[PDB]
Every structure is written in C-alpha cells, then in structure tokens.
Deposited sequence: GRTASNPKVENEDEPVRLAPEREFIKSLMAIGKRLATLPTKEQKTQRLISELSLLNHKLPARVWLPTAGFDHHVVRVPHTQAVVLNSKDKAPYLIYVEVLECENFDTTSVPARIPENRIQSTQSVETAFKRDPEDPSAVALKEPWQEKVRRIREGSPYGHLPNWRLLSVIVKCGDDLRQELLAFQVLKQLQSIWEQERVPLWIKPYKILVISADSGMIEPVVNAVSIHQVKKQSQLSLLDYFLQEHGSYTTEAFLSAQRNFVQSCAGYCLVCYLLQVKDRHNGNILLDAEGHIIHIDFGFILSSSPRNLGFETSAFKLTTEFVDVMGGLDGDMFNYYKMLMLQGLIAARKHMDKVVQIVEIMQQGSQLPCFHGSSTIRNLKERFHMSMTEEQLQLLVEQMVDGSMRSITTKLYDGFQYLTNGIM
C-alpha cells in the first residue's frame, strides 16, 4: 500500500529548509544554504514520494541542488526548486525507481534549463524523466491564491462549456499551514518588464520580430493568443477585483499569451483604490497596438470576447459564487470583509441586465481600462469643462 508518512516527511523537509534559510540575512547566503540543504535531500531519493502539483503519477528521483534559487532577502524568503521525477502509468502498481549513482534562473529560457539539467542528471536519459518546479513559501498565506486558482479553473470550465475561446493559465497552489504553502510557477513565460528590457522593443515590434511580419500565420496566431488571454484576464481581474497590476506580474509566453500572476489583493483586499477604477486591468497603448489599434479588427474581437465571456460567466454565476462562499466560511482571510464581499461579487455579474445593456457596459469598461493612455488626458476635457471638446 501507498504510505503517507514518507510523503508527509518529504513535504515537511521542504518546509524545514525555510526555517534554516531564515537564520541568514542575504539572498546570497540563503541561496548557499539552500544548495547544501537540497544536497542532503538527495540522500533519501529516489523514494515513494511525489510532488502533488505534478498532476500525473510519478516518483521523485532527484533535486538538482545547484539549480535552486532563493527569491529575495526576506525573513521568510520564497525559494524556487527544480525536481526531477519519473512518470509512471499507475502509482500503486509501480515500484520505486532504482537509484543511479552521480537573475539568470528566472530569465533563462525553460527549454535551456531543461536541457542543462537533463544533461547533468543520472536520470536524464530515461524517457519518463520530467522536470517540475515549485516555489516554497514558508511564511505566506496562500489561501487567497488557492481561492483564485479554484475560481480560475471554474471560469475555464464555464468558457469551455459555452464555447467562448478565452484563454487563461491557472497555476497550482498547495496550502500547507495557514501561513505557508507551495506554488507551481508558470514556466516558458517571461514578465513583460523583462521582455521589454532585454529586447528594447515595443510589444508590437517584439511580436513582429519573434513571431513574424503582418502577413504571416505566426503573427496572426500570436495576436489571436494575445487577444484571447487579454480578454480572459480582463474578466478575471474584474470579477475577482485583482489589484496591483504591473509589468512584473504579467508574463508573456512563447505563443503570445499573457499570464497574470500574484493575486495578493483580490475582492475586498486593502487598500481599496481611491481612483474610481472598475478594475486594475489596464489596456495600455502598447497592448492596444499589439491588437491593431483602437479601430482594429483584433481589438473588436477582444471586445466581443469580453462580452461573450461575461455572458457565459453570468449564465454559470452560482458555480463561481459557491467556491468563494465555501472558502469564506472555512477560513477568515483579508480579502473578505463581512457579507458585502459576496454581494459585491454577485453584482459584478450584472444579472439584471439584458445582453444589449451588457454590451454597452463592456464598451464602458473597455473605455475605462484605457483611461491612463496619454490621449485620454488630451481628449476628454469635455467631461471636465463646459467646452464640447
């Protein structure tokens, strides 16, 4: 039978490492400790233990100790590890694999990292070898992240059911204690910040260079991916009221999708903004340009997807609300503030509106999301003065 004590000890071992990292002040010293800690871990591998974020049956065979990184200098600094596993068909009928004798991490292309680690590993030759990643957070409450994950998965199910081609990428969350857990990061994606820094290009010119020129299938495909993911995250950001959007917490993948990460401030999280914002989702000049501009066909597609996505969401509203209620009862998180949280969430599904009214609302919301475009300061004085322009 599959024993749970080995798994418990495995997970505990990852969390124990963090307490020892906390004894050191700088990220550099923490990283040095972490490498040594993971080296010890390999004494006990392979074993009948698994990474629950895998999503497929496997055994852990190795942790490439030199490849792990601590992410900051905080007392309970997150740390990122890579974990080698051997996939198996059926866990409970598979034997434990035999042991085989023996800044850049974030920017570096995933396929390059997989290549190097595979080359260095005694297990890298096996066809069922896979590389996983987790970020261990010993001092962060991840229950808000878990709630977001659950809601994001439900929206994907809803959009699939309603045949709306919105795209999002939920990332897996394990809640360990009330103030610790793990995350499976999104790989093969780079923050918008880093893409722009390394390339010194606008997003459009980056797309043109990386995917292809205007007349190419690759450009159009990438543009479509961008639009579908933009619309998906627009709706995520609105319905869950995700704050603190910037180019550090929006990632771009190799297919042209954007991916929002870090839902620290959702629903009734403090501080509530004072800027009369509908959402922290912003549509910048750069983003609109990737979509072919304000009069662009792909921008029109964006707006259509937003409408159809919202129609789909309200059609299945109870499936989302239930998730949030189940969490609110079981826990007591800072994203909740009494009974107004659920009321306000339901109100964002606009159940009283006709689809005609919803369409007008979407036009309004999209206009709002573009308010920080310089042109808006330039071209909206009719609302601020008795002039008609």
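- Unmodelled regions of the deposited chain, listed from N- to C-terminal end, are 1-14, 117-137.
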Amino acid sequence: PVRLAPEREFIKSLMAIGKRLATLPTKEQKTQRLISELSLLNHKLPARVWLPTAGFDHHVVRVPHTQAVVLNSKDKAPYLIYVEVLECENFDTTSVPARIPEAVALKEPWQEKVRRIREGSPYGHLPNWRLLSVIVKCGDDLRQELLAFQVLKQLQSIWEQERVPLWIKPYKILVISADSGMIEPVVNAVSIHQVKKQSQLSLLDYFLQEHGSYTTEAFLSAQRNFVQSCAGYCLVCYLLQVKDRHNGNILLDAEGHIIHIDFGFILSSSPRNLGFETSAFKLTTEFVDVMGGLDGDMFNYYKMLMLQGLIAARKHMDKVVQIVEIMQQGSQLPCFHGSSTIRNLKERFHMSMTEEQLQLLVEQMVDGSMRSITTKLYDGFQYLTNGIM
From here on, numbers count along this sequence of modelled residues.
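- The question of which stretch, 174-182 or 217-225, has the higher mean Cα B factor is settled in favour of 174-182.
- Note on 185-193 vs 269-277: mean CA B-factor is higher in 269-277.
- Considering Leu131, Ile100, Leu239, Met304 together, the PDB entry gives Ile100 the largest C-alpha B factor.
- Comparing C-alpha B-factors across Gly232, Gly212, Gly124, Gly264 in the deposited entry, the largest value falls on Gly264.
- When the CA B factors of the chain's modelled residues are split into thirds, the value for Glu255 lands in the lowest one.
- In the deposited entry, the Cα temperature factor of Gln150 places it in the lowest third of its chain's modelled residues.
- Ranked by C-alpha B-factor against the other modelled residues of its chain, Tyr79 falls in the middle third.
- Ranked by C-alpha B-factor against the other modelled residues of its chain, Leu333 falls in the highest third.
- When all modelled residues of the chain are sorted by CA temperature factor, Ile373 is found within the highest third.
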